[PDB]
$ cat start37.txt   # compact mmCIF, N, CA and C atoms and all ligand atoms
# COMPACT_ATOMS: atom_id res chain seq x y z
N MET A 955 53.74 101.14 57.60
CA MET A 955 54.77 100.06 57.61
C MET A 955 55.32 99.67 59.01
N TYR A 956 55.31 100.62 59.96
CA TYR A 956 55.90 100.38 61.30
C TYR A 956 54.87 100.31 62.40
N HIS A 957 55.14 99.46 63.38
CA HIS A 957 54.24 99.28 64.52
C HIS A 957 54.99 99.25 65.81
N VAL A 958 54.30 99.62 66.88
CA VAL A 958 54.81 99.53 68.22
C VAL A 958 55.26 98.09 68.46
N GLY A 959 56.44 97.97 69.05
CA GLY A 959 57.01 96.66 69.35
C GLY A 959 57.96 96.24 68.27
N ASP A 960 57.90 96.86 67.10
CA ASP A 960 58.94 96.56 66.09
C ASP A 960 60.31 97.05 66.53
N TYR A 961 61.36 96.35 66.11
CA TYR A 961 62.69 96.90 66.27
C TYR A 961 63.15 97.36 64.93
N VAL A 962 63.84 98.53 64.96
CA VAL A 962 64.32 99.12 63.70
C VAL A 962 65.76 99.58 63.80
N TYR A 963 66.44 99.58 62.66
CA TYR A 963 67.72 100.23 62.53
C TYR A 963 67.54 101.68 62.19
N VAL A 964 68.19 102.53 62.98
CA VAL A 964 68.04 103.97 62.78
C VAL A 964 69.39 104.53 62.40
N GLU A 965 69.40 105.37 61.35
CA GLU A 965 70.61 106.03 60.82
C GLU A 965 71.29 106.76 61.96
N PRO A 966 72.58 106.57 62.11
CA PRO A 966 73.29 107.28 63.17
C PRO A 966 73.53 108.73 62.66
N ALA A 967 73.86 109.57 63.62
CA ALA A 967 74.14 110.99 63.32
C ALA A 967 75.38 111.13 62.48
N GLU A 968 76.39 110.27 62.69
CA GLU A 968 77.56 110.25 61.82
C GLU A 968 77.38 109.10 60.84
N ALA A 969 77.30 109.41 59.55
CA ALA A 969 77.07 108.44 58.48
C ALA A 969 78.13 107.33 58.56
N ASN A 970 77.73 106.10 58.32
CA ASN A 970 78.73 104.99 58.31
C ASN A 970 79.12 104.44 59.68
N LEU A 971 78.69 105.06 60.78
CA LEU A 971 78.69 104.31 62.03
C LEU A 971 77.64 103.23 61.96
N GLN A 972 77.74 102.23 62.82
CA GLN A 972 76.70 101.21 62.83
C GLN A 972 75.35 101.84 63.18
N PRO A 973 74.28 101.44 62.49
CA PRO A 973 72.93 101.95 62.85
C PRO A 973 72.54 101.57 64.29
N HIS A 974 71.72 102.42 64.87
CA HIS A 974 71.22 102.16 66.21
C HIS A 974 70.09 101.20 66.16
N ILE A 975 69.98 100.31 67.14
CA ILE A 975 68.82 99.42 67.19
C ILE A 975 67.82 99.98 68.15
N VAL A 976 66.59 100.24 67.72
CA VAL A 976 65.60 100.90 68.54
C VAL A 976 64.33 100.11 68.59
N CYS A 977 63.72 99.94 69.80
CA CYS A 977 62.39 99.33 69.84
C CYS A 977 61.38 100.47 69.79
N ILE A 978 60.41 100.39 68.88
CA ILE A 978 59.38 101.44 68.75
C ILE A 978 58.37 101.28 69.90
N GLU A 979 58.26 102.32 70.72
CA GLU A 979 57.31 102.32 71.82
C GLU A 979 56.09 103.18 71.53
N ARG A 980 56.28 104.19 70.66
CA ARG A 980 55.19 105.12 70.28
C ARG A 980 55.41 105.61 68.88
N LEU A 981 54.31 105.91 68.16
CA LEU A 981 54.38 106.47 66.79
C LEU A 981 53.41 107.64 66.72
N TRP A 982 53.77 108.71 65.99
CA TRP A 982 52.84 109.84 65.81
C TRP A 982 53.27 110.63 64.60
N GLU A 983 52.47 111.63 64.22
CA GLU A 983 52.96 112.63 63.27
C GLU A 983 52.75 114.01 63.86
N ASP A 984 53.58 114.93 63.38
CA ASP A 984 53.47 116.29 63.87
C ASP A 984 52.53 117.05 62.94
N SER A 985 52.25 118.32 63.24
CA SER A 985 51.31 119.07 62.41
C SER A 985 51.77 119.24 60.96
N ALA A 986 53.09 119.02 60.77
CA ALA A 986 53.69 119.19 59.44
C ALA A 986 53.49 117.91 58.65
N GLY A 987 52.96 116.90 59.32
CA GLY A 987 52.79 115.63 58.67
C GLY A 987 54.01 114.73 58.72
N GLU A 988 55.08 115.15 59.38
CA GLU A 988 56.28 114.33 59.54
C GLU A 988 55.97 113.25 60.56
N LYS A 989 56.29 112.00 60.21
CA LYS A 989 56.06 110.84 61.08
C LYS A 989 57.27 110.59 61.97
N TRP A 990 56.96 110.34 63.25
CA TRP A 990 57.99 110.21 64.30
C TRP A 990 57.82 108.91 65.08
N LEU A 991 58.93 108.40 65.61
CA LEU A 991 58.82 107.29 66.57
C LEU A 991 59.56 107.70 67.85
N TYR A 992 59.19 107.04 68.94
CA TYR A 992 59.90 107.19 70.23
C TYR A 992 60.18 105.79 70.67
N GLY A 993 61.38 105.56 71.21
CA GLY A 993 61.62 104.22 71.69
C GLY A 993 62.93 104.11 72.44
N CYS A 994 63.23 102.87 72.79
CA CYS A 994 64.36 102.51 73.68
C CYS A 994 65.50 102.09 72.75
N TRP A 995 66.70 102.68 72.98
CA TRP A 995 67.90 102.28 72.25
C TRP A 995 68.49 101.02 72.86
N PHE A 996 68.90 100.10 72.00
CA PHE A 996 69.62 98.90 72.45
C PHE A 996 71.04 99.06 72.05
N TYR A 997 71.97 99.03 73.01
CA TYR A 997 73.38 99.26 72.73
C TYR A 997 74.12 98.00 72.35
N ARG A 998 74.97 98.11 71.32
CA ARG A 998 75.94 97.07 70.98
C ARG A 998 77.07 97.10 72.02
N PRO A 999 77.82 96.01 72.18
CA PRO A 999 78.92 95.97 73.15
C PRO A 999 79.85 97.20 73.03
N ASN A 1000 80.22 97.61 71.81
CA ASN A 1000 81.13 98.78 71.73
C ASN A 1000 80.54 100.15 72.01
N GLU A 1001 79.25 100.18 72.29
CA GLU A 1001 78.57 101.41 72.72
C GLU A 1001 78.53 101.48 74.26
N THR A 1002 79.03 100.43 74.92
CA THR A 1002 79.03 100.40 76.41
C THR A 1002 80.45 100.50 76.92
N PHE A 1003 80.61 100.85 78.21
CA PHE A 1003 81.87 100.76 78.90
C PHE A 1003 81.75 99.56 79.81
N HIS A 1004 82.72 98.67 79.74
CA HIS A 1004 82.64 97.39 80.43
C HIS A 1004 84.00 96.88 80.80
N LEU A 1005 84.04 95.96 81.77
CA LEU A 1005 85.27 95.29 82.11
C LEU A 1005 85.92 94.73 80.86
N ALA A 1006 87.22 94.90 80.72
CA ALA A 1006 87.88 94.41 79.51
C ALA A 1006 87.75 92.91 79.34
N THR A 1007 87.54 92.19 80.44
CA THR A 1007 87.37 90.72 80.46
C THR A 1007 85.95 90.24 80.14
N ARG A 1008 84.99 91.15 80.02
CA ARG A 1008 83.57 90.74 79.87
C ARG A 1008 83.43 89.98 78.57
N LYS A 1009 82.69 88.87 78.59
CA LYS A 1009 82.46 88.13 77.33
C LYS A 1009 81.04 88.42 76.86
N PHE A 1010 80.89 88.55 75.55
CA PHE A 1010 79.62 88.84 74.91
C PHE A 1010 79.18 87.67 74.07
N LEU A 1011 77.88 87.42 74.06
CA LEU A 1011 77.37 86.54 73.05
C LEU A 1011 77.58 87.22 71.70
N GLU A 1012 77.73 86.40 70.66
CA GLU A 1012 77.68 86.96 69.35
C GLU A 1012 76.23 87.56 69.24
N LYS A 1013 76.13 88.70 68.63
CA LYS A 1013 74.84 89.38 68.50
C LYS A 1013 74.22 89.90 69.80
N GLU A 1014 74.98 89.94 70.89
CA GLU A 1014 74.42 90.55 72.13
C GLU A 1014 74.19 92.04 72.00
N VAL A 1015 73.07 92.49 72.58
CA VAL A 1015 72.81 93.92 72.80
C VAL A 1015 72.23 94.14 74.19
N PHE A 1016 72.29 95.39 74.62
CA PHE A 1016 71.88 95.74 75.99
C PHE A 1016 70.73 96.70 75.96
N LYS A 1017 69.70 96.40 76.76
CA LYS A 1017 68.57 97.33 76.84
C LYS A 1017 69.04 98.55 77.64
N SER A 1018 69.03 99.72 77.02
CA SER A 1018 69.54 100.92 77.68
C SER A 1018 68.47 101.74 78.33
N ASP A 1019 68.91 102.77 79.07
CA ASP A 1019 67.98 103.76 79.60
C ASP A 1019 67.97 105.02 78.76
N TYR A 1020 68.42 104.89 77.52
CA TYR A 1020 68.42 106.03 76.61
C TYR A 1020 67.21 105.85 75.68
N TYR A 1021 66.27 106.80 75.78
CA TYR A 1021 65.08 106.79 74.91
C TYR A 1021 65.08 108.09 74.17
N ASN A 1022 64.70 108.06 72.89
CA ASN A 1022 64.63 109.30 72.15
C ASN A 1022 63.69 109.18 71.02
N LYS A 1023 63.40 110.29 70.38
CA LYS A 1023 62.52 110.28 69.24
C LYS A 1023 63.35 110.51 67.98
N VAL A 1024 62.90 109.94 66.88
CA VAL A 1024 63.54 110.21 65.59
C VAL A 1024 62.48 110.15 64.50
N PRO A 1025 62.67 110.85 63.38
CA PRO A 1025 61.71 110.70 62.31
C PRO A 1025 61.74 109.31 61.71
N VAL A 1026 60.59 108.80 61.31
CA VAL A 1026 60.51 107.49 60.71
C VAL A 1026 61.36 107.40 59.42
N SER A 1027 61.62 108.54 58.79
CA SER A 1027 62.47 108.60 57.59
C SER A 1027 63.92 108.16 57.86
N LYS A 1028 64.33 108.14 59.13
CA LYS A 1028 65.69 107.75 59.51
C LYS A 1028 65.77 106.24 59.68
N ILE A 1029 64.69 105.51 59.48
CA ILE A 1029 64.75 104.02 59.60
C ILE A 1029 65.39 103.44 58.35
N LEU A 1030 66.34 102.54 58.59
CA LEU A 1030 67.03 101.81 57.52
C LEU A 1030 66.47 100.43 57.26
N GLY A 1031 65.74 99.83 58.18
CA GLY A 1031 65.17 98.51 58.01
C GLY A 1031 64.75 97.97 59.37
N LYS A 1032 64.07 96.82 59.38
CA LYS A 1032 63.69 96.17 60.64
C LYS A 1032 64.69 95.12 61.13
N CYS A 1033 64.62 94.81 62.41
CA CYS A 1033 65.41 93.74 63.00
C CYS A 1033 64.62 93.20 64.17
N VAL A 1034 65.19 92.28 64.94
CA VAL A 1034 64.49 91.72 66.10
C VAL A 1034 65.49 91.59 67.21
N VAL A 1035 65.15 92.02 68.41
CA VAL A 1035 65.91 91.65 69.60
C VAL A 1035 65.11 90.67 70.43
N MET A 1036 65.71 89.52 70.72
CA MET A 1036 65.05 88.48 71.53
C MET A 1036 65.59 88.41 72.95
N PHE A 1037 64.73 88.15 73.92
CA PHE A 1037 65.20 87.88 75.28
C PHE A 1037 65.97 86.57 75.26
N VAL A 1038 67.05 86.54 76.03
CA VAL A 1038 67.96 85.41 76.07
C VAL A 1038 67.29 84.08 76.37
N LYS A 1039 66.17 84.14 77.08
CA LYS A 1039 65.49 82.94 77.56
C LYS A 1039 64.77 82.29 76.39
N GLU A 1040 64.62 83.03 75.31
CA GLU A 1040 63.96 82.50 74.13
C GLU A 1040 64.86 82.35 72.92
N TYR A 1041 65.91 83.16 72.87
CA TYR A 1041 66.76 83.24 71.68
C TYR A 1041 67.37 81.97 71.21
N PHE A 1042 67.80 81.12 72.14
CA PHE A 1042 68.40 79.86 71.76
C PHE A 1042 67.39 78.78 71.30
N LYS A 1043 66.12 78.87 71.72
CA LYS A 1043 65.15 77.83 71.37
C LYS A 1043 64.20 78.25 70.24
N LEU A 1044 64.03 79.55 69.99
CA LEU A 1044 63.08 80.03 68.98
C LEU A 1044 63.81 81.04 68.01
N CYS A 1045 63.26 81.24 66.80
CA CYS A 1045 63.82 82.28 65.87
C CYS A 1045 62.56 82.95 65.17
N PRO A 1046 62.71 84.17 64.71
CA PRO A 1046 61.63 84.99 64.09
C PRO A 1046 61.49 84.73 62.58
N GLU A 1047 60.30 84.36 62.13
CA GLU A 1047 60.09 84.20 60.72
C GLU A 1047 60.37 85.47 59.95
N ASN A 1048 60.99 85.30 58.79
CA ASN A 1048 61.21 86.36 57.82
C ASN A 1048 62.30 87.31 58.17
N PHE A 1049 63.18 86.91 59.10
CA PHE A 1049 64.36 87.74 59.44
C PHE A 1049 65.61 86.96 59.20
N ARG A 1050 66.61 87.61 58.59
CA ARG A 1050 67.93 86.97 58.45
C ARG A 1050 68.63 87.01 59.81
N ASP A 1051 69.45 85.97 60.10
CA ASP A 1051 70.08 85.81 61.42
C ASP A 1051 70.93 87.03 61.80
N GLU A 1052 71.54 87.65 60.78
CA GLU A 1052 72.29 88.89 60.98
C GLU A 1052 71.49 90.05 61.58
N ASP A 1053 70.17 89.96 61.46
CA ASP A 1053 69.26 91.01 61.95
C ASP A 1053 68.53 90.53 63.19
N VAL A 1054 69.02 89.47 63.81
CA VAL A 1054 68.42 88.94 65.07
C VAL A 1054 69.45 88.99 66.17
N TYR A 1055 69.13 89.75 67.20
CA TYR A 1055 70.03 89.99 68.31
C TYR A 1055 69.50 89.36 69.59
N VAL A 1056 70.35 89.22 70.60
CA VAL A 1056 69.97 88.59 71.87
C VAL A 1056 70.24 89.56 73.01
N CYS A 1057 69.28 89.67 73.93
CA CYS A 1057 69.47 90.57 75.08
C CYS A 1057 69.26 89.86 76.41
N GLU A 1058 70.27 89.93 77.26
CA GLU A 1058 70.25 89.32 78.59
C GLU A 1058 70.22 90.37 79.71
N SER A 1059 70.84 91.54 79.44
CA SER A 1059 71.09 92.56 80.44
C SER A 1059 70.67 93.92 80.02
N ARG A 1060 70.35 94.75 81.02
CA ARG A 1060 70.22 96.19 80.80
C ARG A 1060 71.58 96.84 80.98
N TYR A 1061 71.78 97.97 80.34
CA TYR A 1061 72.95 98.81 80.57
C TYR A 1061 72.46 100.20 80.80
N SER A 1062 72.97 100.85 81.83
CA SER A 1062 72.70 102.26 82.02
C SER A 1062 73.86 103.08 81.50
N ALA A 1063 73.51 103.97 80.59
CA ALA A 1063 74.46 104.91 80.08
C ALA A 1063 74.59 106.09 81.04
N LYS A 1064 73.75 106.15 82.10
CA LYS A 1064 73.88 107.16 83.13
C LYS A 1064 74.93 106.80 84.13
N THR A 1065 74.97 105.53 84.56
CA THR A 1065 75.90 105.03 85.56
C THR A 1065 76.97 104.04 85.07
N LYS A 1066 76.93 103.71 83.78
CA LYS A 1066 77.91 102.77 83.19
C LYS A 1066 77.90 101.41 83.94
N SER A 1067 76.71 100.89 84.16
CA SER A 1067 76.46 99.65 84.90
C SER A 1067 75.53 98.71 84.20
N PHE A 1068 75.72 97.41 84.41
CA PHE A 1068 74.92 96.37 83.77
C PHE A 1068 74.07 95.68 84.83
N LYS A 1069 72.90 95.19 84.41
CA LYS A 1069 72.08 94.40 85.36
C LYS A 1069 71.34 93.37 84.57
N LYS A 1070 71.30 92.15 85.06
CA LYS A 1070 70.60 91.11 84.38
C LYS A 1070 69.07 91.39 84.40
N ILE A 1071 68.41 91.15 83.27
CA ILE A 1071 66.95 91.28 83.19
C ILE A 1071 66.22 90.05 83.75
N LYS A 1072 65.25 90.29 84.61
CA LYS A 1072 64.47 89.20 85.17
C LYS A 1072 63.20 88.92 84.35
N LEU A 1073 62.52 90.00 83.97
CA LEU A 1073 61.23 89.94 83.27
C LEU A 1073 61.36 90.77 82.00
N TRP A 1074 61.08 90.15 80.86
CA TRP A 1074 61.03 90.89 79.56
C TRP A 1074 59.70 91.64 79.41
N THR A 1075 59.77 92.97 79.30
CA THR A 1075 58.53 93.76 79.25
C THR A 1075 58.41 94.69 78.03
N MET A 1076 58.83 94.22 76.87
CA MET A 1076 58.70 95.07 75.67
C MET A 1076 57.31 94.94 75.07
N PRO A 1077 56.85 95.95 74.33
CA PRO A 1077 55.56 95.83 73.63
C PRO A 1077 55.53 94.63 72.68
N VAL A 1078 54.39 93.96 72.56
CA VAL A 1078 54.32 92.75 71.72
C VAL A 1078 54.03 93.16 70.26
N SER A 1079 54.93 92.77 69.35
CA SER A 1079 54.80 93.09 67.95
C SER A 1079 54.16 91.89 67.24
N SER A 1080 54.13 91.97 65.91
CA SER A 1080 53.50 90.90 65.13
C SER A 1080 54.51 89.88 64.68
N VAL A 1081 55.74 89.98 65.18
CA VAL A 1081 56.77 88.98 64.81
C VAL A 1081 56.36 87.56 65.25
N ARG A 1082 56.62 86.59 64.39
CA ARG A 1082 56.09 85.17 64.63
C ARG A 1082 57.25 84.19 64.87
N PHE A 1083 57.19 83.51 66.01
CA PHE A 1083 58.53 82.92 66.56
C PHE A 1083 58.24 81.50 66.57
N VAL A 1084 59.20 80.80 66.03
CA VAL A 1084 59.00 79.38 65.87
C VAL A 1084 60.25 78.78 66.48
N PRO A 1085 60.11 77.50 66.88
CA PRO A 1085 61.20 76.70 67.44
C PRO A 1085 62.27 76.46 66.40
N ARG A 1086 63.52 76.51 66.83
CA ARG A 1086 64.64 76.41 65.92
C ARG A 1086 64.83 74.95 65.56
N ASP A 1087 65.07 74.66 64.30
CA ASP A 1087 65.29 73.29 63.87
C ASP A 1087 66.71 72.92 64.18
N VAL A 1088 67.50 73.95 64.44
CA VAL A 1088 68.94 73.84 64.72
C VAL A 1088 69.26 74.76 65.87
N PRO A 1089 69.25 74.25 67.11
CA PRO A 1089 69.68 75.08 68.25
C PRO A 1089 70.98 75.85 67.96
N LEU A 1090 71.03 77.09 68.45
CA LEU A 1090 72.21 77.93 68.31
C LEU A 1090 73.14 77.55 69.44
N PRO A 1091 74.42 77.36 69.13
CA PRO A 1091 75.45 77.24 70.17
C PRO A 1091 75.54 78.49 71.04
N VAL A 1092 75.69 78.32 72.36
CA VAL A 1092 75.98 79.42 73.27
C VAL A 1092 77.48 79.65 73.18
N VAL A 1093 77.84 80.85 72.75
CA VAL A 1093 79.20 81.18 72.35
C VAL A 1093 79.46 82.60 72.88
N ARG A 1094 80.40 82.78 73.79
CA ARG A 1094 80.71 84.10 74.40
C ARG A 1094 82.19 84.47 74.27
N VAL A 1095 82.45 85.67 73.77
CA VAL A 1095 83.84 86.08 73.44
C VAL A 1095 84.11 87.50 73.91
N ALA A 1096 85.32 87.77 74.37
CA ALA A 1096 85.62 89.10 74.89
C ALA A 1096 86.12 90.02 73.77
N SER A 1097 86.06 91.34 73.95
CA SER A 1097 86.66 92.30 72.99
C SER A 1097 88.17 92.12 72.87
N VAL A 1098 88.69 92.52 71.71
CA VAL A 1098 90.12 92.43 71.44
C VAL A 1098 90.68 93.85 71.56
N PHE A 1099 91.71 93.99 72.39
CA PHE A 1099 92.37 95.29 72.63
C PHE A 1099 93.76 95.26 72.05
N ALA A 1100 94.05 96.19 71.14
CA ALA A 1100 95.38 96.27 70.50
C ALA A 1100 96.53 96.48 71.48
CL CL A 1201 81.35 94.60 82.82
$ encode --input "start37.txt" --output "structure tokens"
Amino acid sequence: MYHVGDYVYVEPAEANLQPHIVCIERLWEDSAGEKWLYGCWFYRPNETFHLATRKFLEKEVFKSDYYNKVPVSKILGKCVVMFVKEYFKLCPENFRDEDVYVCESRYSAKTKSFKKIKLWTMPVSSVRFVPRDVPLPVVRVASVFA
């Protein structure tokens, strides 16, 4: 069911936290027959430390430097992360908009720093992208602090 280049929701370690968004970079099984994936975590805005004034696109995520392995049994479903240069003009067939995210920047969880992406270099999956019949508004909003 899963292929390299797919993005998946992975069960968090604490139940009921938001699932992690992971791009599958490798798949294998161990001698026990347990199936595993390895990939890059994409962080939601509240998983990063950022200037309180920073504005986020709705559905923004950040390509992180955190990579890990998890059993394929921890997958909750598929999703898609699109590079910002394509997200506004194209959308992925067979995905609900709630499961389509946009990525403009990397975030390092080592240094708590952001950097704009110049070249998108993720593995190519079988997702099929078509031009949007309805362009998405560019809409950026900051976090709310009590
Ligand atoms: Cl920031």
$ closest_residue --input "start37.txt" --among "A:1026, A:971, A:955, A:1054" --to "residue A:1040" --atoms "only C-alpha atoms"
A:1054
$ atom_distance --input "start37.txt" --atom1 "atom CA of residue A:1061" --atom2 "atom CA of residue A:1015"
9.2 Å
$ closest_residue --input "start37.txt" --among "A:1024, A:1035, A:1073, A:1005" --to "ligand CL 1201 (chain A)" --atoms "only N, CA and C atoms and all ligand atoms"
A:1005
$ residues_around --input "start37.txt" --residues "residue A:992" --least-positions-apart "5" --cutoff "5 Å" --atoms "only N, CA and C atoms" --output "ChimeraX atom specification"
/A:978-980,1022-1023
$ atom_distance --input "start37.txt" --atom1 "atom CA of residue A:999" --atom2 "atom N of residue A:963"
16.7 Å
$ residues_near_ligand --input "start37.txt" --ligand "ligand CL 1201 (chain A)" --cutoff "6 Å" --atoms "all atoms listed in the file" --output "PDB file with N, CA and C atoms, in the frame of the given file"
ATOM      1  N   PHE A1003      80.610 100.850  78.210  1.00  0.00           N
ATOM      2  CA  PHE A1003      81.870 100.760  78.900  1.00  0.00           C
ATOM      3  C   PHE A1003      81.750  99.560  79.810  1.00  0.00           C
ATOM      4  N   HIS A1004      82.720  98.670  79.740  1.00  0.00           N
ATOM      5  CA  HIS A1004      82.640  97.390  80.430  1.00  0.00           C
ATOM      6  C   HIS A1004      84.000  96.880  80.800  1.00  0.00           C
ATOM      7  N   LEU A1005      84.040  95.960  81.770  1.00  0.00           N
ATOM      8  CA  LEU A1005      85.270  95.290  82.110  1.00  0.00           C
ATOM      9  C   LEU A1005      85.920  94.730  80.860  1.00  0.00           C
ATOM     10  N   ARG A1008      84.990  91.150  80.020  1.00  0.00           N
ATOM     11  CA  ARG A1008      83.570  90.740  79.870  1.00  0.00           C
ATOM     12  C   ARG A1008      83.430  89.980  78.570  1.00  0.00           C
TER      13      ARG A1008
END
$ select_by_dssp --input "start37.txt" --residues "stretch 965-1089 of chain A" --states "alpha helix (DSSP H)" --output "VMD selection string"
chain A and resid 1038 to 1041
$ closest_residue --input "start37.txt" --among "A:1055, A:1068, A:996, A:956" --to "residue A:1030" --atoms "only C-alpha atoms"
A:956
$ residues_around --input "start37.txt" --residues "stretch 1076-1079 of chain A" --least-positions-apart "2" --cutoff "7 Å" --atoms "only N, CA and C atoms" --output "list in words"
residues 957, 958, 959, 960, 979, 1073, 1074, 1081 and 1082 of chain A
$ atom_distance --input "start37.txt" --atom1 "atom N of residue A:1011" --atom2 "atom C of residue A:1048"
22.3 Å
$ residues_around --input "start37.txt" --residues "residue A:1019" --least-positions-apart "2" --cutoff "8 Å" --atoms "only N, CA and C atoms" --output "list in words"
residues 994, 995, 996, 997, 1016, 1017, 1021, 1022, 1060, 1061, 1062, 1063 and 1064 of chain A
$ closest_residue --input "start37.txt" --among "A:1043, A:1067, A:1059, A:986" --to "residue A:1090" --atoms "all atoms listed in the file"
A:1043
$ residues_around --input "start37.txt" --residues "residue A:1088" --least-positions-apart "3" --cutoff "8 Å" --atoms "all atoms listed in the file" --output "list in words"
residues 1042, 1043, 1085 and 1091 of chain A
$ residues_near_point --input "start37.txt" --point "(69.9, 110.4, 56.9)" --cutoff "9 Å" --atoms "only C-alpha atoms" --output "list in words"
residues 964, 965, 966, 967, 969, 1027, 1028 and 1029 of chain A
$ write_last_selection --input "start37.txt" --atoms "N, CA and C atoms" --output "short mmCIF file (atom, residue, chain, number, x, y, z; two decimals), in the coordinates of the input"
data_model
loop_
_atom_site.label_atom_id
_atom_site.label_comp_id
_atom_site.auth_asym_id
_atom_site.auth_seq_id
_atom_site.Cartn_x
_atom_site.Cartn_y
_atom_site.Cartn_z
N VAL A 964 68.19 102.53 62.98
CA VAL A 964 68.04 103.97 62.78
C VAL A 964 69.39 104.53 62.40
N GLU A 965 69.40 105.37 61.35
CA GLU A 965 70.61 106.03 60.82
C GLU A 965 71.29 106.76 61.96
N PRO A 966 72.58 106.57 62.11
CA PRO A 966 73.29 107.28 63.17
C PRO A 966 73.53 108.73 62.66
N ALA A 967 73.86 109.57 63.62
CA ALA A 967 74.14 110.99 63.32
C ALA A 967 75.38 111.13 62.48
N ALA A 969 77.30 109.41 59.55
CA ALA A 969 77.07 108.44 58.48
C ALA A 969 78.13 107.33 58.56
N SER A 1027 61.62 108.54 58.79
CA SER A 1027 62.47 108.60 57.59
C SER A 1027 63.92 108.16 57.86
N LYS A 1028 64.33 108.14 59.13
CA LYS A 1028 65.69 107.75 59.51
C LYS A 1028 65.77 106.24 59.68
N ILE A 1029 64.69 105.51 59.48
CA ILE A 1029 64.75 104.02 59.60
C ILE A 1029 65.39 103.44 58.35
#
$ residues_around --input "start37.txt" --residues "residue A:1095" --least-positions-apart "6" --cutoff "12 Å" --atoms "only C-alpha atoms" --output "ChimeraX atom specification"
/A:999,1006-1014
$ write_last_selection --input "start37.txt" --atoms "N, CA and C atoms" --output "PDB file, in the frame of the given file"
ATOM      1  N   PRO A 999      77.820  96.010  72.180  1.00  0.00           N
ATOM      2  CA  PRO A 999      78.920  95.970  73.150  1.00  0.00           C
ATOM      3  C   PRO A 999      79.850  97.200  73.030  1.00  0.00           C
ATOM      4  N   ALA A1006      87.220  94.900  80.720  1.00  0.00           N
ATOM      5  CA  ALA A1006      87.880  94.410  79.510  1.00  0.00           C
ATOM      6  C   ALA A1006      87.750  92.910  79.340  1.00  0.00           C
ATOM      7  N   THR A1007      87.540  92.190  80.440  1.00  0.00           N
ATOM      8  CA  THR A1007      87.370  90.720  80.460  1.00  0.00           C
ATOM      9  C   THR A1007      85.950  90.240  80.140  1.00  0.00           C
ATOM     10  N   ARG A1008      84.990  91.150  80.020  1.00  0.00           N
ATOM     11  CA  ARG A1008      83.570  90.740  79.870  1.00  0.00           C
ATOM     12  C   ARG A1008      83.430  89.980  78.570  1.00  0.00           C
ATOM     13  N   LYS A1009      82.690  88.870  78.590  1.00  0.00           N
ATOM     14  CA  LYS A1009      82.460  88.130  77.330  1.00  0.00           C
ATOM     15  C   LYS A1009      81.040  88.420  76.860  1.00  0.00           C
ATOM     16  N   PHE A1010      80.890  88.550  75.550  1.00  0.00           N
ATOM     17  CA  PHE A1010      79.620  88.840  74.910  1.00  0.00           C
ATOM     18  C   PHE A1010      79.180  87.670  74.070  1.00  0.00           C
ATOM     19  N   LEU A1011      77.880  87.420  74.060  1.00  0.00           N
ATOM     20  CA  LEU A1011      77.370  86.540  73.050  1.00  0.00           C
ATOM     21  C   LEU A1011      77.580  87.220  71.700  1.00  0.00           C
ATOM     22  N   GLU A1012      77.730  86.400  70.660  1.00  0.00           N
ATOM     23  CA  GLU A1012      77.680  86.960  69.350  1.00  0.00           C
ATOM     24  C   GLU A1012      76.230  87.560  69.240  1.00  0.00           C
ATOM     25  N   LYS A1013      76.130  88.700  68.630  1.00  0.00           N
ATOM     26  CA  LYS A1013      74.840  89.380  68.500  1.00  0.00           C
ATOM     27  C   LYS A1013      74.220  89.900  69.800  1.00  0.00           C
ATOM     28  N   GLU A1014      74.980  89.940  70.890  1.00  0.00           N
ATOM     29  CA  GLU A1014      74.420  90.550  72.130  1.00  0.00           C
ATOM     30  C   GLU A1014      74.190  92.040  72.000  1.00  0.00           C
TER      31      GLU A1014
END
$ select_by_dssp --input "start37.txt" --residues "chain A" --states "strand (DSSP E or B)" --output "number ranges by chain"
A: 961-964, 974-983, 989-997, 1009-1011, 1014-1025, 1029-1037, 1044-1046, 1054-1062, 1067-1070, 1083-1085, 1094-1096
$ closest_residue --input "start37.txt" --among "A:975, A:968, A:1093, A:1025" --to "residue A:988" --atoms "only N, CA and C atoms"
A:1025
$ axis_aligned_box --input "start37.txt" --around "stretch 1022-1036 of chain A" --padding-each-side "4 Å" --output "JSON"
{"center_x": 63.8, "center_y": 99.6, "center_z": 65.1, "size_x": 14.5, "size_y": 30.4, "size_z": 23.7}
